[PDB]
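Participant: First the structure, which I've put down as structure tokens, then a few questions once you've had a look.
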Amino acid sequence: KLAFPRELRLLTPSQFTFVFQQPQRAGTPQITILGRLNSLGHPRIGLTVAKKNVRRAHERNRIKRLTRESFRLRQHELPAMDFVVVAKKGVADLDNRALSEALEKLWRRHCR
RNA sequence: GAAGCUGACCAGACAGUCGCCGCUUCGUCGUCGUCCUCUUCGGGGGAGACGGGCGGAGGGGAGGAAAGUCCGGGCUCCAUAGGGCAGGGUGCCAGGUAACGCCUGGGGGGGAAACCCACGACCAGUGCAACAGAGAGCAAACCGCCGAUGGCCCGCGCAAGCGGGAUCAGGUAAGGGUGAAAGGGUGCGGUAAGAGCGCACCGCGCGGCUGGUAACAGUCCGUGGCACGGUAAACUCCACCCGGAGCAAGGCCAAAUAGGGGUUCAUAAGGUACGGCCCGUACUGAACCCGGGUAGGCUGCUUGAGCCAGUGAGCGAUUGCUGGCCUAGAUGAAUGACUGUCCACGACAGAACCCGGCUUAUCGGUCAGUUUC
RNA sequence: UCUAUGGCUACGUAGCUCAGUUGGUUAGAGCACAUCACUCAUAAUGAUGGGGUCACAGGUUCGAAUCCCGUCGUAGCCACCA
Ligand SMILES: [Ca+2]
Ligand SMILES: [Ca+2]
Ligand SMILES: [Ca+2]
Ligand SMILES: [Ca+2]
Ligand SMILES: [Ca+2]
Ligand SMILES: [Ca+2]
Ligand SMILES: [Ca+2]
Ligand SMILES: [Ca+2]
Ligand SMILES: [Ca+2]
Ligand SMILES: [Ca+2]
């Protein structure tokens, strides 16, 4: 069947800027999420892991894949909105379970 | 034959859901400027080149360094006839890939032979912080003193010159000596007793040789007596190599736009390129900056100067011949969770034009060798 | 507020801006604040603290901020048409 639908990701910088316009922000001192309303009917997610926040590329790939998996899992529940995630300094030392729970809590908060 | 140090490998693997990436293939939607065959187009057997157009089947996806440009190479457009520097690299020499700031045989050095080497030169230019130049360099009270022990009545020759002492001062004393690394010594009539100045030894310098394709060895004869001790990643010299730039090089397919200003121009050929300067080459306006968007599709992107097994060569790096093989290559950018096990309990770390290296991080183990009870 | 992977470019000395180049002295002014007659909570062309590992890891040298290779960090450029 169809693989991952590219219509659920932020590809061009235009969409990134559109989301960064005036989104609703929510996050912990580690990671934050900014969500805006769109007109496609399905939600979208974006990733933003800078090199200064995380130097090791393996950790960047790990966090990106974890966020994508969490989004794919909680896709039918989240509201039709485009989200963008941003990491900070102090997230590489977090474990998989703790980071997954934090992302789940952030998504539950963004649900409103 | 209880414990180190090199060396190749693994460092996470096996099975089950919810998910990413692509390749081949089965059934379909279509374009075809190939049309085989029906081809009067309100169609149809269509064979195939193709496409986020689709529903299934198979086998696969972190590397051991994908981490850093620190090197060389395949390709590419930018663009060049030849002579010279400047600034860059290779440097014990020899062999192999196309080669290298790659690997290996041999020699040499380094106090661990106890296992390393960024190891050419200086008998043309420069320096070498002594604070007494005695680490380019000439001698300082300080002991020495050979030259008459220049002389200086202290004794006498108060009558030819002699004894002593030191005159410590007016003489080079380069011989040990204290002053951060110091012109070779072990011993000698070693002058009136200081220095190869003279005598036996040399790892000190020049030429010859018997080993050896060379690097350099040498306990071998035959002399001249000394004419650098370093740093040469300190200037400089030699044997070879130097246009450089990167796949966000560029090569195609369409899709919305050389239209705009100042830098100066008979045949002086004044501007450009080979250069960063110079002889030379033949070709015509030149870069500072002002105008527009796309974020589209294909390649380089995964078939390598590789892999398996045998026959050879090379005392080794490496390479002649056979049978054969390849399931990631992307584009905000693929690896996750719950369970049964492993003990190798799972550290570092991630691919992106590519290949062969170089530097470093690299929890713990597998073995094949090397020092000590 | 943005942003990897790849090529090239410039550096890392008082908290901030700034120059020095084995010259052996082993190193320098201003901006944050106090002190001398501190003249209106600027004093002026003055001095007194300077609580700088000259970012980290090495090397020929007697010795290195300076010379050669290395690690980390920050900052900048890389899609074309007529
Ligand atoms: Ca396997
Ligand atoms: Ca590789
Ligand atoms: Ca010389
Ligand atoms: Ca000489
Ligand atoms: Ca002597
Ligand atoms: Ca002499
Ligand atoms: Ca271009
Ligand atoms: Ca591609
Ligand atoms: Ca990408
Ligand atoms: Ca990488």
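Only the coordinates and a few stated rules stand behind these numbers; no lab work does.
Participant: What is the set of long-range amide H partners of A:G27 at a cut-off below 5 Å, with H atoms built 1.01 Å from backbone N?
Facilitator: Amide H neighbours of A:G27: A:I33.
Participant: Would you mind checking which residues have amide H under 5 Å from A:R44's amide H? H placed 1.01 Å from N; only 5 or more apart, or other chain.
Facilitator: A:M81, A:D82, A:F83
Participant: At 0.36 nm per residue, and after removing the present C-alpha to C-alpha distance, how many nm does the segment from A:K89 to A:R55 gain when stretched out fully?
Facilitator: Difference between extended and current length: 11.2 nm.
Participant: Here is a further query. Which whole-Hz ³J(HN,Hα) couplings does the range A:72-79 yield from phi under the Karplus relation 6.51 cos²θ - 1.76 cosθ + 1.60, θ = phi - 60°, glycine and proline marked x?
Facilitator: Calculated HN-Hα couplings, in order: 4, 5, 9, 8, 5, 8, 5, x Hz.
Participant: Rounded to two decimals, what is Rg over Rh for chain A when you use alpha-carbon atoms and the Kirkwood radius?
Facilitator: 0.94
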